[PDB]
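The chain that follows stands alone, in the form deposited in one PDB entry, written as structure tokens.
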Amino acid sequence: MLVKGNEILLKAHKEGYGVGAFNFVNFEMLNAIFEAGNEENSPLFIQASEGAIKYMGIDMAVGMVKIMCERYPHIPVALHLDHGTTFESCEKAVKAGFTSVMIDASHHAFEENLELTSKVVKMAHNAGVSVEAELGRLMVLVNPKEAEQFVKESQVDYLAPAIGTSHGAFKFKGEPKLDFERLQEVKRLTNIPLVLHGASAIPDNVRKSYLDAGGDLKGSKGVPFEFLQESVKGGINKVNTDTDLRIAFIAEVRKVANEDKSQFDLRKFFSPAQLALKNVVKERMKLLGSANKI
């Protein structure tokens, strides 16, 4: 059923596994994510950015998710606001029925980030909603002693510490590198669920599908599977994944468009796109250790 974010992540935290947090912008993405969770018996975070919420309308975003939770009531699901930018945005998501919200004030100095985060936490906790915050900048790394105080004072439920990742398909020039020692220190000092942003891997098969369909991914590099596994070992419990989904999905859309110029049945485009997305999610659930955890 639809539950507080912390209900899912506290379990992941205690048992040392990762739960994928999968972005959606419409029905096709949502359906594929839920079918993956059903097929792998995995809990999941379903998340929507502010842009996605604007696109769908927050009423439809929450509404569709509730319908899917009713279709699959045995799956623990948290509905999470990804990269909330203002107190007001977070409050709107709480009122609409989100069960987790991220307030991202990581671009502010420590004091201001702590202050805004704490304000969101008071409001969210009053409504029974879990809160994520962020420390460090994907484009300076997290300071573990800052993280310690930050969590203690804000009472935030989970923290996203910057350790080397970044959003999108172009995460690394040269060999991929993440600061796992910094990750481990943050984990020890905070003892709460941690969140990894920019965690798409861009798997070989997905890259190939996109390129075979005429796509261009020059210079793209994701987080290796091995690094994702090491992140979870290090204390990451929520793993934000968006780019892998988009690439897998759009690869199939491009392929259909290429192979039949007379094809305009939407389902012929989006059925294969859903399947590719679903498969990426299923594999990731197995990789992170959330499979068979329901």
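By rigid core we mean the largest C-alpha set that fits within 1.5 Å across both forms. Residue numbers here begin at 1 and follow the sequence given. Only residues modelled in both forms are compared.
Keep in mind that the form deposited in another entry is not shown, yet the notes after this line are about it.
Enquirer: At a threshold of 2 angstroms on the CA positions, core aligned, which residue out of 191, 166, 184, 85 shifts between the shown form and the other one?
Expert: Looking at each option in turn, only one qualifies, and it is 166.
Enquirer: Superposed on the rigid core, does the Cα of residue 175 end up 2 angstroms or more away between the shown form and the other one?
Expert: The answer is yes; the displacement is at least 2 Å.
Enquirer: Hey, the CA atoms of residue 169 and residue 267 end up closer or farther in that other deposited form than in the shown form, with the change being 3 Å or more?
Expert: Their C-alpha distance grows by at least 3 Å in that other deposited form.
Enquirer: What direction does the residue 168-residue 250 Cα distance move in that other deposited form compared with the shown chain, closer or farther, given a change of 3 Å or more?
Expert: Between the C-alphas of residue 250 and residue 168, the gap widens in that other deposited form (3 Å or more compared with this form).
Enquirer: Lining up the core, where do at least three residues in a row all have CA moves of 2 Å or more between the shown form and the other one?
Expert: Residues 166-176 form the single run that moves by 2 Å or more between the shown form and the other one.
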